[PDB]
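See below for the structure under consideration.
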Protein chains: 8
Amino acid sequence: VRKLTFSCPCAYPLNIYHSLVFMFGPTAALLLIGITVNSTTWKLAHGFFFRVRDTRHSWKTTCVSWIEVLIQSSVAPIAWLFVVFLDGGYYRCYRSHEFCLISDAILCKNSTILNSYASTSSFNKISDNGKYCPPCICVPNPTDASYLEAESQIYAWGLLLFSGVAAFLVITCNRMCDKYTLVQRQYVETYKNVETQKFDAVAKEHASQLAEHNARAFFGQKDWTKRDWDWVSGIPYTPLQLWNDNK
Amino acid sequence: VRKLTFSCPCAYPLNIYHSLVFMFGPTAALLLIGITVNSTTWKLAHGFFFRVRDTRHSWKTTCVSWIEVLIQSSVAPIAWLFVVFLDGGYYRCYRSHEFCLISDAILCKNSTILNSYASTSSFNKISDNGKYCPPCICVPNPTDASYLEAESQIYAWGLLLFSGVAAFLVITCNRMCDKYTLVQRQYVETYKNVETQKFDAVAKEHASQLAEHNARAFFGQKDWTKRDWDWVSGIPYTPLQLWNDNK
Amino acid sequence: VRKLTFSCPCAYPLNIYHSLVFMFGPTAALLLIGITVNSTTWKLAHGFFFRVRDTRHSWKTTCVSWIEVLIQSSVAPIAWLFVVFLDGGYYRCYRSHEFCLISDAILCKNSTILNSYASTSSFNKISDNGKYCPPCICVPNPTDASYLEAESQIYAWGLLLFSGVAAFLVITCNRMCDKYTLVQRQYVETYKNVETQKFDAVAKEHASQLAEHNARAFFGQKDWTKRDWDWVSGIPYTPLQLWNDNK
Amino acid sequence: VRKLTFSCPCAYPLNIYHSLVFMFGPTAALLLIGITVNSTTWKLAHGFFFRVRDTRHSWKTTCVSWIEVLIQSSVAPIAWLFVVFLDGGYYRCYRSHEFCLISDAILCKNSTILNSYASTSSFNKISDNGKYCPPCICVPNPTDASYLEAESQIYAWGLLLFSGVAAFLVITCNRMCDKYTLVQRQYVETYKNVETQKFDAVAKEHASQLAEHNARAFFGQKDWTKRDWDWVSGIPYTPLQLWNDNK
Amino acid sequence: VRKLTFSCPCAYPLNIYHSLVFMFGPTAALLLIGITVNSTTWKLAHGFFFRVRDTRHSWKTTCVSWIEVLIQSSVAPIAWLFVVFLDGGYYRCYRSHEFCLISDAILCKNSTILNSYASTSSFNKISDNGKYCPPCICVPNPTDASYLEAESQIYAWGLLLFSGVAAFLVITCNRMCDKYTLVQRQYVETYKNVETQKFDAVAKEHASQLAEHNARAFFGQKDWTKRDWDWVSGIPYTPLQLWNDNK
Amino acid sequence: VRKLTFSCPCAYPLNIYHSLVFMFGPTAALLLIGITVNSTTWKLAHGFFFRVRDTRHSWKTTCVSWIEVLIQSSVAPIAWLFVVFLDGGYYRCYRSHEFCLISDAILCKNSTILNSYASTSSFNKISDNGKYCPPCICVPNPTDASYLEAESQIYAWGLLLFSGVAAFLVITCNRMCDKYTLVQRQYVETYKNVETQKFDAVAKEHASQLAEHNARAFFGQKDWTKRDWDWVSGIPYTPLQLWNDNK
Amino acid sequence: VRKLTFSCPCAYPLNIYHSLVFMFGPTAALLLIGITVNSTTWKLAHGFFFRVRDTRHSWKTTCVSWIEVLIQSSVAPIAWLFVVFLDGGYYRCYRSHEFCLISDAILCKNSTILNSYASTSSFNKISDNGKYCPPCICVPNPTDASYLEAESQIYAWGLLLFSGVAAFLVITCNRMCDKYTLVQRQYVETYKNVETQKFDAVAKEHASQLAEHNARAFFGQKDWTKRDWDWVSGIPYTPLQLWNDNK
Amino acid sequence: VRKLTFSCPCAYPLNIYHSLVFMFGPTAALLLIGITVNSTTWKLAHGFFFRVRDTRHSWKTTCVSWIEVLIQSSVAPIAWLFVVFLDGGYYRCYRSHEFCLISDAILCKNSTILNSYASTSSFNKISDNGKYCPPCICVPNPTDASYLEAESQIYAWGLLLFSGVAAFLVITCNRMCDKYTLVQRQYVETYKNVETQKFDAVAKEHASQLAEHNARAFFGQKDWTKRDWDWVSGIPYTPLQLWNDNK
């Protein structure tokens with residue numbers, strides 16, 4: 001990622017919650033960024049409450065388009081979940097409390113004053129009885145620190161392979177059940193890319209005709225009074241067009 | 001941010017106030033910068049006390065435009081509040097006084113001379129009785145230093161997710177309740193961007209006609225006396241135009 | 001590779017599984033990337049369930065084309081398997097458990113508390129009886145560490161030579177059994193590269209005619225009602241063409 | 001700023017004066033730079049003792065223009081006062097003498113020879129009686145060094161917020177009480193920027209006509225005597241014009 | 001080479017095999033790369049099983065062309081064998097087992113436990129009787145380490161000189177027995193380089209005529225049915241040409 | 001400045017003289033550089049002993065022009081005097097002899113041999129009686145070293161403010177007592193800058209006519225004798241013109 | 001300068017001579033470089049023994065031109081003498097022998113063997129009696145080392161000021177006693193710079209006519225014999241011109 | 001120079017010879033480089049044994065041209081001799097044997113075994129009797145090491161000044177005894193530089209006519225036999241011209 005701006009909390013059950021929201025925090029953030037930026041989302045979403053009913057999409061083409069949104073947007077979180085499992089320190093911090101227990105922990109012998117520092121630092125920092133050793137959760141058993149870190153890295157490659165294979169089979173089934181062959185699909189997608197570009201080129205130049213002629217109609221007039229300058233300004237098509245509608 | 005130009009104050013209740021104005025200082029500063037720079041603010045604000053009443057906005061379109069100002073301007077402080085909670089040293093410094101109390105603090109045993117240095121360094125530096133240990137507030141219990149720092153980082157991801165989701169639902173409700181569909185909205189916003197640019201292009205060239213002809217009318221004359229050169233200079237349209245109004 | 005983002009697990013049979021998925025993980029990932037990117041795959045795959053039967057390929061030309069996919073795509077994993085065997089630390093970590101056994105290991109004398117730390121750290125970390133010494137698997141016998149690392153590097157050059165020779169004999173048999181000579185094959189492949197480029201150039205300009213004339217037919221009309229703007233938008237050729245089909 | 005070219009003086013009342021002129025020195029310097037560079041100042045100031053009285057500004061438009069000078073020029077010192085309060089060492093050095101008093105200072109026990117070194121080093125360096133400890137003013141109580149430094153940083157954010165809010169309310173009241181709306185103000189300021197540029201363009205080319213024809217009138221003549229070359233040189237419109245006035 | 005990604009194996013007869021495949025590994029790899037890239041190889045090889053017999057090369061011109069392949073391709077391995085003998089560590093590692101014998105080795109006195117560690121670490125690591133000292137093979141006698149390293153560097157210059165002289169005599173005999181003189185050979189080779197370039201220029205533009213006219217013949221037609229788009233796609237001259245063959 | 005190429009002299013009264021000429025040395029040097037480079041100086045100075053009396057300047061316009069020279073040229077030394085007082089080591093070295101006196105100096109107890117080394121090293125190095133301690137002048141009392149260094153930095157800001165304010169009041173009085181207003185002064189100074197440039201452009205091209213025609217008149221002649229080539233060379237308008245004066 | 005490629009000699013009177021030729025060595029070298037490069041020198045010097053007497057300069061204009069040579073060329077040595085006096089180590093090395101005398105030197109007590117090493121190392125290294133201590137001249141009394149080094153730096157600023165003032169008064173007297181005013185002098189020097197450039201432009205193109213026509217006259221001829229090619233070559237206008245003189 | 005690739009020899013009389021050929025080695029090398037590169041050398045030297053006698057130079061103009069060669073070429077060795085005397089280590093190494101004699105040397109007391117190591121290391125390394133101490137010649141008396149090094153640097157400035165003055169007087173006598181003045185010499189040297197350039201431009205284009213027409217005469221012919229291609233090749237004007245001489 002950017003940097004190592006993290007460290008384990010020296011407590012239970014805060015090691016659970018701190019490590020959980022660092023794994024599944026940026027995935028839910030990158031999921032909503034990837035849905036928002038995706039233009040096929042707003043082809044479906046925009047104007048849904050005032051679209052006329054005979055131009056609505058069928059529910060079947062709604063769902064296959066919607067699945068194309070989720071699968072296109074899930075390349076960024078699974079890239080994040082792969083990185084958060086490779087540098088396995090978050091999985092270590094998630095599961096260190098199953099191993100640093102006060103029956104056999106190394107640092108619960110002389111540092112029992114550090115557990116029994118306050119009523120908070122035993123009871124709220126650990127449990128109702130002080131089950132786990134707090135600085136062991138903080139800095140773990142170095143043989144078990146490497147065991148949990150390496151079990152994390154197996155889970156990383158299991159994730160990237162399972163999501164890679166299932167994305168490969170979804171792509172291939174969307175290829176093989178297509179009604180067109182390859183060159184027909186390549187021509188049709190050539191047409192759609194050109195059509196969107198040429199539609200917006202024709203629209204912008206036609207709006208350039210309307211914007212030019214509206215500005216000349218305002219500045220061709222001499223001697224504007226007060227309410228002309230205020231009828232041009234303001235928040236709402238635009239009030240320049242309505243000013244020209246009365247002249 | 002820029003750098004780590006900060007350190008905790010070695011006192012109570014100054015740790016409260018120092019940490020508070022570093023968290024909520026730059027948000028109120030970036031809130032007023034984001035309101036000022038935003039051009040939709042001055043479309044509403046400018047000339048409000050001399051606008052004619054039949055060109056005022058309705059209160060309903062005033063409020064939805066105003067909400068567009070606040071939500072566009074709140075991307076910069078919530079980016080700051082997310083950073084000030086990630087590097088959790090400010091939340092640590094805010095709440096260190098609940099934990100470094102003189103019943104059990106580490107450094108209130110030999111350094112009680114440093115609390116009882118003066119009448120100020122016990123009573124004003126801490127409390128009416130010297131409740132909290134001053135260098136413990138300054139440098140905290142290292143197990144509780146990591147507990148408060150990690151509780152801060154949970155609050156950071158809670159903030160970015162809750163503000164991200166609520167900005168996502170406000171955006172989507174402004175999309176789905178729109179009267180237009182997508183391509184009508186894309187054409188209309190194409191028209192408004194072109195219209196503002198072509199209005200200012202026509203205005204500037206028409207003001208270039210007026211500025212050229214006013215300068216030639218001044219320098220076509222020979223033999224200017226004293227009061228012509230002073231009637232051109234001065235603070236007020238412009239007095240060059242009024243000089244041409246008498247010639 | 002990128003960096004040395006790895007370390008051995010301090011346990012059995014996790015040294016087997018950790019080292020196995022780092023050797024054969026990125027090969028299965030680079031195999032599916034190399035199949036997907038390869039354009040000859042989608043010349044065969046696309047539209048297979050709706051292709052008419054008299055334009056299907058024969059099974060013989062299907063298989064020789066398919067073999068061209070696998071051999072073109074296997075240059076990237078065998079480059080990876082050569083690198084993972086050259087830096088022999090993964091083969092060392094795969095086979096360190098055959099050598100660090102508790103009959104003669106160096107560190108199973110005083111650190112038998114570290115094997116008998118918990119019920120997990122002997123039984124699940126090693127075996128039903130604690131056969132192997134766990135930190136010996138972690139850090140090995142340095143004379144046997146160099147023996148296994150060097151037996152890995154022999155296997156690397158055996159791999160690159162055997163795959164290089166077999167790719168050389170497959171290439172040469174596809175050269176020598178060709179029906180054409182060299183200059184006929186060079187002309188034919190010159191023709192195919194030009195034909196694909198000139199087919200897509202003619203297709204794109206012909207789709208430029210259709211996209212231009214459809215956009216002029218929409219914006220030549222004045223006074224569009226609501227359902228025209230909604231019939232142009234939407235998910236499906238394209239609904240702009242169908243709007244022109246009714247006008 | 002540029003660098004840390006400062007250090008505290010080891011004396012009273014020199015810590016007052018040294019820290020005072022480093023805080024309020026560059027503000028008075030940047031105030032007079034910002035008044036001088038500001039062109040609206042010299043629109044009011046220039047030729048005030050020989051301006052004809054019927055082209056003077058009214059006192060009301062003099063004052064609102066003058067307030068525009070002071071508020072435009074006070075962005076640079078308040079940026080300086082914010083920086084001199086953030087790095088709080090100057091406020092520490094201003095108020096260190098209230099805390100390093102000889103009743104309880106740390107270094108007034110063995111180093112009383114260093115106070116009583118000379119008649120100057122006790123009486124002029126401190127006070128009539130030697131009230132304060134001189135090297136304590138120099139290097140302070142480290143718990144009170146952090147207390148004064150952090151009270152400075154609260155004053156910095158209080159300054160930037162109070163000056164930011166009051167500049168925001170002055171701007172908004174000058175917006176909302178404007179006689180024009182937005183687009184009228186945008187057109188008028190477009191006109192003034194063009195008019196100043198086109199006035200100086202017409203003036204410079206018209207002065208290019210006068211300068212060209214005066215130089216040709218000098219070098220078209222043959223055989224200049226001594227007093228022609230001296231009547232062209234000299235300090236004064238220009239004496240080249242007066243030489244042409246006699247020919 | 002690239003780097004020093006090597007180390008000796010701490011065993012016999014693995015020092016023989018590890019050093020052997022690092023010397024003669026990249027030569028056999030660079031030999032097959034140099035044969036493959038060489039274009040005169042595929043002038044002979046391509047289409048050999050379907051070339052008509054009256055256009056085959058004679059065996060004499062086959063062999064002199066083939067010798068030109070091997071001598072052009074052997075510049076890269078002999079550059080490698082010269083480098084692997086200059087940094088003489090591989091020849092040292094090849095022949096260290098003749099010198100580190102257990103009759104007089106330095107480290108077979110106290111480290112006889114390290115030979116007799118296991119049944120493998122004496123018998124398989126060395127020999128049927130443990131003839132040689134294993135860490136002596138690993139790190140050698142430093143007077144004999146410099147003797148073997150310097151005998152390697154004599155062999156390097158013997159190799160580069162003998163291959164340089166024999167390549168010089170092969171070149172000079174191919175010069176002096178040429179039927180042409182110099183300027184005739186320079187003109188003929190000028191002709192062959194131009195002829196290959198102008199043949200491929202004429203071929204590519206003539207294939208540009210065929211590819212252009214085939215694409216216009218497809219897109220000049222209106223209303224293609226399903227089987228036209230599938231007869232254009234597919235794996236095989238090309239099926240676009242056969243589609244035009246039926247129209 | 002450039003660097004710290006200085007150190008105090010270990011003697012009196014050489015600390016006075018060394019520090020004095022480093023403060024007031026580069027000011028008198030930068031004063032004469034700033035007078036020389038200034039072009040208004042040579043408008044007054046040049047040809048003063050052979051200027052005809054009726055084209056002399058009046059003494060009043062001589063003095064106001066001369067004051068414009070001194071005030072324009074004094075920006076560089078006061079920038080130097082500000083820097084030599086900020087790094088206060090020169091003021092410390094100027095006044096260290098008032099404080100390192102042999103009644104109470106630290107190093108005049110054992111190092112009295114170093115004062116009484118020779119007849120020179122007591123009498124000429126210090127005074128008629130050896131009043132001051134020589135290595136104390138060299139390296140001073142560190143509490144008084146910081147007192148004199150900080151009294152210097154107060155004098156620096158007193159200098160930059162007093163010279164800045166007095167330059168501000170001289171500028172403003174030259175603005176407000178001007179006979180013209182702003183735009184008349186801006187036009188007149190536009191005219192003078194253009195007139196000097198166009199005078200020198202006309203002069204240089206007219207001298208290009210004279211230089212071209214004189215060179216053609218020399219090289220149009222054939223057969224130059226000895227004294228023609230010597231009459232062209234030489235120190236003096238120019239002797240080429242006088243050679244053309246006889247032909 | 002370039003670097004510190006110097007060190008004192010450990011002897012008398014070699015400290016005198018070594019330091020003297022490093023101060024006054026590069027001044028006499030830079031004096032003769034500055035005389036040679038100066039073009040006004042060779043306007044006077046060139047051809048002085050064969051110039052005809054009626055084109056000689058008068059002795060008065062010879063001397064004022066010659067003074068212009070010396071004063072223009074003395075900017076480089078006085079820049080050197082200023083640098084050799086600022087880094088005062090050469091003046092220290094010049095005058096260290098007046099202070100390191102054997103009556104009171106520090107190192108003439110145990111190191112009297114190093115003075116009395118040989119007959120040379122006392123008598124030739126120092127004096128007829130061994131007056132001065134040789135390693136004291138080499139490394140001096142550190143209080144007197146700083147006294148002589150600082151007396152050097154006073155002499156540096158005395159040199160740059162006295163030469164700067166006297167160059168200022170020589171310049172100003174050459175300005176004020178000029179027969180012309182400023183603009184006449186600026187025109188005349190504009191003419192001389194143009195005249196030298198246009199004389200050499202006319203000369204070079206006229207010599208281009210002569211060189212072109214001489215080369216065509218040589219190569220227009222066919223069949224040159226031996227003595228034509230030798231009459232063109234050779235050392236002498238040029239022998240190509242004399243070859244054309246006979247044809 | 002380039003680097004310090006030198007060290008003294010630990011012997012006599014090898015310190016004489018090693019230091020001598022490093023001082024006077026690169027001067028004789030740079031003398032012969034400067035004679036060879038100099039083009040005036042080959043204007044005299046080339047073809048001297050077959051030049052016809054009536055186009056030989058006179059002995060007087062031979063010698064003054066030859067002196068111009070030696071003085072132009074001696075700028076590079078005297079720059080070297082100045083550098084080899086400035087870093088005085090070579091003069092130290094030349095004359096160290098006069099000072100490190102075995103009567104009083106420091107290291108001939110215990111290291112007399114190192115002189116009497118072998119029959120060579122006393123007799124051949126030093127002298128017939130072992131006069132001088134060998135490691136003293138190697139590393140010298142540090143007071144006499146600085147004496148000889150500084151006597152070298154006096155000789156460096158004596159060399160650069162004496163060669164600079166004598167080159168200045170040779171230049172000035174060649175200026176003042178010239179038959180021409182300055183502007184005649186500047187025109188004549190302008191002519192010679194143009195004449196050499198225009199002679200070679202006319203020669204190269206005329207040889208371009210001959211080379212073009214000879215190549216067309218060879219390739220205009222069809223059907224060249226064997227001996228035509230061999231008569232064009234070969235070592236000799238050129239045999240292409242002689243081939244055209246028979247056709």
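Labeling convention for the structure tokens: chains A, B, ... as they appear, residues from 1 per chain, ligands from 1 in order of appearance.
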Next on the checklist: Residues near segment 132-141 of chain B, anyone? I mean within 6 Å using only C-alpha atoms, not counting same-chain ones fewer than 4 positions away, as an MDAnalysis selection string.
Outcome noted: chainID B and resid 8 10:11 96:97 100:102 145
May I have the selected residues written with C-alpha atoms, as a CSV table (one decimal), in the first residue's frame?
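Full text of out_5.csv as output:
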chain,number,residue,atom,x,y,z
B,8,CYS,CA,1.6,17.3,23.6
B,10,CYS,CA,2.6,18.8,29.7
B,11,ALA,CA,-0.5,19.8,31.6
B,96,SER,CA,-4.4,10.8,28.1
B,97,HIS,CA,-5.7,12.6,31.2
B,100,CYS,CA,-2.4,9.2,33.9
B,101,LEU,CA,-3.9,9.8,37.4
B,102,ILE,CA,-2.1,10.2,40.6
B,145,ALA,CA,-0.5,4.7,24.6
Could you please tell me, as a tab-separated table (two decimals) with N, CA, C and O atoms, in the first residue's frame, which residues of chain H have an atom within 8 Å of chain E when using only C-alpha atoms?
chain	number	residue	atom	x	y	z
H	229	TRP	N	36.35	-6.33	-63.34
H	229	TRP	CA	36.09	-6.19	-61.91
H	229	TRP	C	37.38	-6.26	-61.11
H	229	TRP	O	37.45	-5.70	-60.01
H	230	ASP	N	38.41	-6.91	-61.65
H	230	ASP	CA	39.68	-6.98	-60.94
H	230	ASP	C	40.57	-5.78	-61.26
H	230	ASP	O	41.45	-5.42	-60.48
H	232	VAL	N	39.34	-2.81	-61.60
H	232	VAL	CA	38.79	-1.73	-60.79
H	232	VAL	C	39.29	-1.83	-59.35
H	232	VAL	O	39.70	-0.84	-58.74
H	233	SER	N	39.28	-3.04	-58.80
H	233	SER	CA	39.85	-3.25	-57.48
H	233	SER	C	41.37	-3.21	-57.54
H	233	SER	O	41.98	-3.23	-58.61
Checklist entry - Taking the backbone alone, and naming residues the way the document does, which bits of segment 3-85 of chain E are alpha helix (DSSP H) by DSSP, as number ranges by chain? => result E: 14-23, 25-37, 39-45, 59-73, 75-85
Next on the checklist: I want to know what sits within 6 Å of segment 189-192 of chain C, based on only C-alpha atoms, with residues of the same chain fewer than 3 positions away left out; could you give that as a ChimeraX atom specification?
Outcome noted: /C:186,195 /E:207
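Atom to atom, atom CA of residue 85 of chain E and atom CA of residue 125 of chain E stand 26.6 Å apart.
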Residue neighbourhood segment 13-25 of chain B, 6 Å, only C-alpha atoms, exclusion window fewer than 2 positions, as a PDB file with C-alpha atoms, in the first residue's frame:
ATOM      1  CA  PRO B   9       1.308  19.880  26.369  1.00  0.00           C
ATOM      2  CA  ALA B  11      -0.508  19.795  31.593  1.00  0.00           C
ATOM      3  CA  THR B  27     -11.635  21.791   9.407  1.00  0.00           C
ATOM      4  CA  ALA B  28     -13.254  25.157  10.115  1.00  0.00           C
ATOM      5  CA  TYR B  90      -4.047  13.740  18.716  1.00  0.00           C
ATOM      6  CA  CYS B  93      -3.313  13.529  23.599  1.00  0.00           C
ATOM      7  CA  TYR B  94      -7.011  14.294  23.970  1.00  0.00           C
TER       8      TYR B  94
END
Next on the checklist: Please report the interatomic distance between atom CA of residue 151 of chain D and atom CA of residue 77 of chain D in Å with one decimal.
Outcome noted: 20.7 Å
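For the pair atom CA of residue 237 of chain B and atom CA of residue 48 of chain D, the separation is 22.8 Å.
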